[PDB]
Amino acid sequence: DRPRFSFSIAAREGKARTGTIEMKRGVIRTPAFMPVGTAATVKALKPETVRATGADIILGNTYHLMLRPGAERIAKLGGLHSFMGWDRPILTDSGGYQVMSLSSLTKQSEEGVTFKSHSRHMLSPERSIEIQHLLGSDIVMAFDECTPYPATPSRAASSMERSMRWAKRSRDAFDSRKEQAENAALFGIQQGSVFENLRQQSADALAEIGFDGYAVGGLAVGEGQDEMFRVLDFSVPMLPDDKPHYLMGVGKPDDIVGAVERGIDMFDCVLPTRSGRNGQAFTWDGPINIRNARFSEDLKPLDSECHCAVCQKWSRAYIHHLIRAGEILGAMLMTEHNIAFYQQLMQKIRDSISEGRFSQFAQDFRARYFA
């Protein structure tokens, strides 16, 4: 039987790595992309379809689920996996980002955050870890504070310091719950905004506590790719090399490629799902907007090489019609293709690292995607 958690690196190229995380509910191939399933569903897909595209793990959210249908309710119904019909690993964010993003009123303190639902609710490190336990998450995220961008050095520091205190509280809450400690994994989240010294302090604090994996927090919050990449350049090497590195909320295909070049192993974002429903399809020649009139009579599949079931069977012209009509099948087909594209991107990344030709792959990918 598989262990609670084991990360193994099979191949490297520069700072890039490829390997596997073994957990009780399954193996995760890295670098990994996690489709987002915020309301206990990956929007417009059955879990079997999510799996058929190649996903090994999906992301859920402490924030949305604690509000609807409720964490205790999900536990009473047998946990998130049983509830939504996904039997493989699930990573859950801790709520700290979403509360500050989506809540109408918030009160922040050293204890945690109180907020008004988009009734009043509270989140603290202890309550966050508890909710993630009630959901039955396999990868639990520490409860942190995502520092807004831009931040002054003093505010970035104060924020990061609070997040490190909360990281220790998260660790202790997780370890106190024997069933959770034995069956799930806990990741810490590095903060520090764009400042190298604060990123270093945060990495040191997280490593002293000790986690199963380390996320780079506080990015993909408006800073732009050049700045994100600059911060990754110095931040990722600060993290323990032998554990996974997770870049929260990233991202566009080129962001993923560059982040892997910088040592990131795990990704999530709503882009393929959300923009799929809005008419944007990913292709190896760059994104297209299927709503455009130029596709009304185009018999080609969304992408000429894609192996997904959508590209096997339906034309751009048909999907154009569905999305213009507001048909649910349009959302379904666009989302399945985009998630499949993301998984094919991760497979090409993994295979190119394993073969020592990832640098070449990145160059070829960009030349074509941005032609």
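In this text, residue numbers run from 1 along the sequence as written. If you superpose the two forms and keep the largest set of C-alpha atoms that fall within 1.5 Å, you have the rigid core.
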With the rigid core as the fit anchor, does 314 to 322 or 31 to 39 show bigger C-alpha shifts in 6 other deposited structures of this protein?
31 to 39
When the other structures of this protein are compared, and only where the residues around it are present, is residue 277 absent from a third or more of them?
yes
Check whether residue 65 goes without coordinates in at least a third of the other compared PDB entries of this protein that model residues on both sides of it.
no
Going from residue 118 to residue 119, the deposited residues skipped in the model number 1 to 3
In the PDB record, does 298 to 306 or 315 to 323 carry the higher mean Cα temperature factor?
298 to 306
Selected stretch [higher average CA B-factor]: 287 to 295 or 85 to 93:
287 to 295
The largest CA temperature factor among 99, 186, 259, 215 is found at 99
Residue, from 249, 279, 263, 253, that the PDB entry assigns the highest Cα B-factor:
279
For residue 103, does the deposited CA B-factor place it in the lowest, middle or highest third of the chain?
highest
Assigned third (lowest, middle, highest) for the C-alpha B factor of residue 199
middle
When the modelled residues of the chain are sorted by Cα temperature factor, does residue 54 land in the lowest, middle or highest third?
middle
Lowest, middle or highest third: which one holds residue 229 when the chain's residues are ordered by CA B-factor from the entry?
middle
Sorting by Cα B-factor within the chain, modelled residues only, which third would residue 175 end up in: lowest, middle or highest?
middle
